[PDB]
């Protein structure tokens, strides 16, 4: 129920100039739509929806990092074989080759770290009761065991 | 774009602090709760969802900081 | 940045800083209670809710910085 | 983005820091005690009313500040 | 107030900090003693006057600012 | 309030920091003795006048900030 | 190189705070959690993943710095 | 009141630091020892005089600062 | 060498900041883990290859410094 | 005297730092020894004397700025 | 190389900073890691070649300083 | 005397820093060893000729500082 | 008094800092290890041979510097 | 703080041993000679004349003066931890008081080991008639065992059952309490004790094989209710399945006496880990254990010597 208003606010920064005004103080009625049935069950612990919102920012962050750390990886071949030193010069190609053989193996080791992030993202989703039996235990084997091969 | 100045600078300045304050808080926070899990797992392998649950969580603070840091760009 | 105004700029820097310092407070806060949290499965399932509820409170720290951000600018 | 007068950038300064520093201190303070509390509930169901009296104290520090901060600030 | 040059603004800055810096200190102070406190009631009902009293003592630091500040209040 | 030089600005400001730095130090100081402190009352209810006399000593640090404040102002 | 633009300087400063703070934070976060582990390595070559798994979550922070640095680039 | 000038500010600042730096050190010194102190009194009412006599020593530090602080400003 | 404009001047500093700072981070990270590490060797020479590998990840900070120190000089 | 040049104040500055930083060191050095020291009396009245004697050493650190200062002065 | 223009003063300061900051970090690293080891050694004489290798790792930080300083000065 | 050269002001700060900081390092060395010590006095009455013999070698160092500080001046 | 113009003073600086910052690292290293180290002899007489090999490493930092201090002098 | 002092105090304390060779002689020492050997050693400082009750008494006092002093110091995290150890044996003593209290057996003949609570607490407790009142007394200074005793007492006032269910419940309290530190070594040794207690209890109860959990104390880490159960069913194969578990000298053992020996060795091997453990509780802990282990052999060998009993009679049991 909340979401339409989210899109409303988002646009003025999301295109900056491309959008922001296909919606507005749309939020004021959209926020009401959100909470209606949380309140119908009563729920003596309603504020707790805050944490459901936290996951969204996290999902973004994991992809972002998976990308950025990703990008960084390509750029080490660039400051490891290509251009960097001084303002960026030609002979850096083979000055860096002193380093060049070295950067390759280091790079290899670390990118393995990046792929655990796909799974970190996934782990956000897996125990968040979106068609799942685990919920910090609960009869059924962890998901941990399920995906590996 | 265009020559800097102290006002532009004031907004330019704050961008690192926003990410940094939030980032620092997530790491220290993660270090004690995060620390708690290896023994729990060891003792009770079944208990892992908790260990696993501790680490994700402080990290929301850093995400907020970065957002403030970003927003200043495109207003700087 | 902004309209300009070094004074306005001065009020602007700190509105964010208010948000950042609190974020730092919120994480550390989550960490000590989180440590209690490994304890929680053990102590009482009934109290588990309490432990969980205990976590809810620190984000308020943050709220003060943002109130200062809404109220301050636009106004300036 | 607008403007005010010369005063506001200067007057603003202690107002943010006041909310942020107290807030940071409050988060740590409340958290350790919040953690501490949990042994008492299991042990004594009775202490839950006590727990209700106990926890409150560091958070007050900010409230006085909002009152003064408004008389000073938002004074434009 | 919300009028005046930059210099007057400096006298304003530190008033919050007196209160704020002390506030940060009070929270940490409250956390160790407070932690000590929960057990004292919990085991010992008799200890309630002491425990209730105990948490208070660091808190004085902040308070000094409020009396002078209040007599000042809005003079500037 | 009042307007004048750069000199006036340093002294007016400083009244809080002097108090604040010491305050932060005192709070932690009182806290270690205090946490320990809760136990003596528990042990000897009888001792309570002694215990009451005992706690006091670290608290002096703040008072110096106030002493320097009496001297400094008058250029405020 | 040479005499940097007034603009380039504002962003260039803040460029450092992001890389240094996150990098430092990750190493320390890894170190405490890292410290707890060692008997397990000996015990179980297979179980090894848990201490290791612990380290991965903090790893996000540094990478965040690179993203904000990325948007700035060509203005710096 | 007072008036500015580049020379004066350096002396105006430092008088407090001499006292302040010592104050922080003294408090921490007392805190650790003070905590240790509390049992000795309780059993041995006799040990109370000793507990006090032991406790006293770090406070001298501040006084050194005061002599030096006095020496700085007089020029001002 | 000789005179430098604002970019060069800013970088000249940071070449040093970089070398000192990384070393500091590396040391702290190393202190907690390093303290933990040793008993295992005594027990197991066999695991020693694993140990030799074990210490390594925070240490990365120093190497980044040499490449950047190299890069800075030449915009210097 | 009066507002002299920048130098008298600047030269004045560094004298304090030596004394102050060292002062902080004395208190802490004394703190570890004293706290342990309270335990020493308890454990051994005969070992109480070493602790008592031990506590004395750190205070020299403050003095170190002053001996070089006495000889120097005739240039303030 | 001796007196010169605007760039040089900046490298000369920071050349020192490179050395100072790394030295503090190495020392801290040795203190915790170093402290655990000797009992292990007491048992394991066996480790002694290993002991020459084990201590060795934080110490690299110092070496890093000599190249950056030498190349900077003692080479410019 | 009084105000003088630009060289003196720049030079003056760090002379003090050299004398005070070395003092802090020597003091910390005493504090931890002292802490270990009362059980040690009991244990190792035996080391005293030796203990006495090591102790001698560093005290010469203190004199080197006073000298170096004395000799350097001629730029102050 | 002394010579004027900023540049020599600017070059002058790092020699004192070299003594202070490195000294904090040596002290922190010396204190924790030294307490175990003198002690190693006390329990374990065999460890005196070990102690002779083990303790030794921090001592290099000051002596190269005096040689370098000499090298530094000639820049100024 | 104060484990700077504690490990160090311990470092000196660890010296007053009566070496392995003491015990080896003792095999070959008559009672008089055994006594002579003892009088020249630290137990000798509590030995006046010659005679076994005196040896044993000397042991109590010897352990007392070097360790028993320590519970009054309670202030460090560690001191509290140490308090837990002592509390457990003492918990036995408390049981001895409770049981004494119930059968018209007087208060006066129940020796206590160095107590966190003084003589008068015990006296009051004894003197505080109702089972609630006795328990309430122990709580006056504070005693997690008081409250536990009460917790068990809340349902009925049946002394023996209260003691039994309490022992399980207390070791359950302990499980949390030991967890409430960290200073692992005590925790570890204790964990091995849980396993060990389970093995012996199952052993004591074997062939009963009822509802095992009433006798299975929880906190098994290589043992579980079923393994316990199986042994209690009489299935000895459990020890043969509890192999490659941390308890290897129990393998194939079919007697409790040898069982206790193996267990002592395993746990001892764990206790021995502490020798230069910092805040990590090992150096003091191990030291307490040394005094313990020494005491065991001395008393055993004292009798051996006294009655002239074989070398072979002590041979399994004065080594681990």
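Here the Cβ is made from the backbone with ideal geometry for all residues, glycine too, and neighbour counts use every protein chain on show. Numbers and lists here come from the model and the stated rules, or from a named source; these are not laboratory values.
Among (1) assigned to a helix (DSSP H, G or I); (2) in contact (Cβ under 8 Å) with a residue 40 or more places away in the chain; (3) closer than 20 Å to residue G:19 by Cβ, which single condition is residue B:8 missing?
If we test residue B:8 against (1) assigned to a helix (DSSP H, G or I); (2) in contact (Cβ under 8 Å) with a residue 40 or more places away in the chain; (3) closer than 20 Å to residue G:19 by Cβ, just (3) comes out false.
How many residues does segment A:43-57 hold that are part of a loop (DSSP other than H, G, I, E, B) and either touching a strand residue (DSSP E or B) at 6+ places or on another chain (Cβ under 9 Å) or loosely packed, with under 13 Cβ neighbours inside 10 Å (or both)?
Taking segment A:43-57 as the starting set, the residues that turn out to be part of a loop (DSSP other than H, G, I, E, B) are A:43-45.
Cutting the leftovers down to either touching a strand residue (DSSP E or B) at 6+ places or on another chain (Cβ under 9 Å) or loosely packed, with under 13 Cβ neighbours inside 10 Å (or both) gives us A:44-45.
Qualifying residue count, segment A:43-57: 2.
Test residue F:67 against the stated conditions and say whether it is part of a helix (DSSP H, G or I), closer than 26 Å to residue H:60 by Cβ and free of Cβ contacts under 8 Å to residues at least 40 places away in the same chain.
On the way: part of a helix (DSSP H, G or I): yes; closer than 26 Å to residue H:60 by Cβ: yes; free of Cβ contacts under 8 Å to residues at least 40 places away in the same chain: yes.
Yes.
Kindly indicate whether residue A:60 is more than 10 Å from every other protein chain (Cβ to nearest Cβ), within 30 Å of residue B:59 (Cα to Cα) and surrounded by fewer than 15 Cβ atoms within 10 Å (Cβ to Cβ). Talk me through it step by step, then tell me what you get.
Working: more than 10 Å from every other protein chain (Cβ to nearest Cβ): no; within 30 Å of residue B:59 (Cα to Cα): yes; surrounded by fewer than 15 Cβ atoms within 10 Å (Cβ to Cβ): yes.
Judged against the criteria, residue A:60 is not a match.
Going by the structure shown, is residue E:5 at the interface with chain D (Cβ under 7 Å from one of its Cβ atoms), surrounded by fewer than 19 Cβ atoms within 10 Å (Cβ to Cβ) and farther than 27 Å from residue F:29 by Cβ?
Taking the combined requirement at face value, the residue satisfies it.
When you go through N:4, N:26 one by one, which is the residue that is within 14 Å of chain L (Cβ to nearest Cβ) and more than 20 Å from residue N:271 (Cβ to Cβ)? Explain how you work it out, then say what you get.
On the way: N:26 fails: within 14 Å of chain L (Cβ to nearest Cβ).
Going through N:4, N:26 in turn, the sole match is N:4.
Is it the case that segment A:118-129 has a residue that's in contact with a helix residue (DSSP H, G or I) (Cβ under 8 Å, 6 or more places away or on another chain), exposed (fewer than 13 other Cβ atoms within 10 Å of the Cβ) and more than 14 Å from chain I (Cβ to nearest Cβ)?
Within segment A:118-129 (the criterion being in contact with a helix residue (DSSP H, G or I) (Cβ under 8 Å, 6 or more places away or on another chain), exposed (fewer than 13 other Cβ atoms within 10 Å of the Cβ) and more than 14 Å from chain I (Cβ to nearest Cβ)), the answer is yes, since at least one residue qualifies.
Please pick out the residue among N:146, N:125, N:135, N:139 that is buried (at least 17 other Cβ atoms within 10 Å of the Cβ), in contact (Cβ under 8 Å) with a residue 24 or more places away in the chain and in contact with a helix residue (DSSP H, G or I) (Cβ under 6 Å, 6 or more places away or on another chain).
Numbers: N:146 fails: in contact (Cβ under 8 Å) with a residue 24 or more places away in the chain; N:135 fails: in contact (Cβ under 8 Å) with a residue 24 or more places away in the chain; N:139 fails: in contact (Cβ under 8 Å) with a residue 24 or more places away in the chain.
After applying the criteria, what remains is N:125.
Being closer than 19 Å to residue F:33 by Cβ, in a helix (DSSP H, G or I) and within 8 Å of chain J (Cβ to nearest Cβ) is the requirement here; does residue H:38 meet it?
Working: closer than 19 Å to residue F:33 by Cβ: yes; in a helix (DSSP H, G or I): yes; within 8 Å of chain J (Cβ to nearest Cβ): no.
Against the criterion (closer than 19 Å to residue F:33 by Cβ, in a helix (DSSP H, G or I) and within 8 Å of chain J (Cβ to nearest Cβ)), residue H:38 does not qualify.
Let's see how each residue does on (1) more than 8 Å from chain E (Cβ to nearest Cβ); (2) surrounded by fewer than 23 Cβ atoms within 10 Å (Cβ to Cβ):
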residue: F:15; (1), (2): no, no
residue: F:20; (1), (2): no, no
residue: F:23; (1), (2): no, no
residue: F:26; (1), (2): no, no
residue: F:51; (1), (2): yes, yes
residue: F:65; (1), (2): yes, no
residue: F:68; (1), (2): yes, yes
residue: F:71; (1), (2): yes, yes
residue: F:75; (1), (2): yes, yes
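Can you name the condition, by its number, that residue N:194 falls short on among (1) surrounded by fewer than 17 Cβ atoms within 10 Å (Cβ to Cβ); (2) not assigned by CATH to the domain that holds residue N:116?
Of the numbered conditions (1) surrounded by fewer than 17 Cβ atoms within 10 Å (Cβ to Cβ); (2) not assigned by CATH to the domain that holds residue N:116, the odd one out for residue N:194 is (1).
How many of the residues making up segment G:53-62 are facing another protein chain (nearest Cβ under 7 Å) and without any contact (Cβ under 8 Å) to a residue 12 or more places away in the chain?
Of the residues in segment G:53-62, the ones facing another protein chain (nearest Cβ under 7 Å) are G:54, G:56-61.
From the residues that got through so far, the ones that are without any contact (Cβ under 8 Å) to a residue 12 or more places away in the chain too are G:56-57, G:60.
Counting residues in segment G:53-62 that are facing another protein chain (nearest Cβ under 7 Å) and without any contact (Cβ under 8 Å) to a residue 12 or more places away in the chain gives 3.
Considering only segment A:63-91, state which residues are in contact (Cβ under 8 Å) with a residue 24 or more places away in the chain, more than 9 Å from the chain's Cα centre (by Cα) and closer than 20 Å to residue G:61 by Cβ.
The answer is A:69, A:70, A:73, A:76.
Would you check if residue I:24 is in a helix (DSSP H, G or I) and free of Cβ contacts under 8 Å to residues at least 24 places away in the same chain? Reasoning before the result, please.
Details: in a helix (DSSP H, G or I): yes; free of Cβ contacts under 8 Å to residues at least 24 places away in the same chain: yes.
Against the criterion (in a helix (DSSP H, G or I) and free of Cβ contacts under 8 Å to residues at least 24 places away in the same chain), residue I:24 qualifies.
Can we say residue A:38 is without any contact (Cβ under 8 Å) to a residue 24 or more places away in the chain, over 25 Å from the mean Cα position of the chain (by Cα), in a loop (DSSP other than H, G, I, E, B) and loosely packed, with under 13 Cβ neighbours inside 10 Å?
Details: without any contact (Cβ under 8 Å) to a residue 24 or more places away in the chain: yes; over 25 Å from the mean Cα position of the chain (by Cα): yes; in a loop (DSSP other than H, G, I, E, B): yes; loosely packed, with under 13 Cβ neighbours inside 10 Å: no.
Answer is no for this residue.
All but one of (1) out of contact with any helix residue (DSSP H, G or I) (no Cβ under 9 Å at 6 or more places or on another chain); (2) in a helix (DSSP H, G or I) hold for residue E:45, so report the exception by its number.
Condition (2) is where residue E:45 drops out.
Regarding residue B:11, is this residue surrounded by fewer than 24 Cβ atoms within 10 Å (Cβ to Cβ) and closer than 20 Å to residue G:7 by Cα? If you could, list the steps in order and put the result at the bottom.
Details: surrounded by fewer than 24 Cβ atoms within 10 Å (Cβ to Cβ): yes; closer than 20 Å to residue G:7 by Cα: yes.
The answer is yes for residue B:11.
Give A:113, A:69 a once-over and let me know the one that is assigned to a loop (DSSP other than H, G, I, E, B) and within 28 Å of residue I:66 (Cα to Cα). I'd like the intermediate steps shown before the answer.
Values: A:69 fails: assigned to a loop (DSSP other than H, G, I, E, B).
A:113 is the lone residue from the list that is assigned to a loop (DSSP other than H, G, I, E, B) and within 28 Å of residue I:66 (Cα to Cα).
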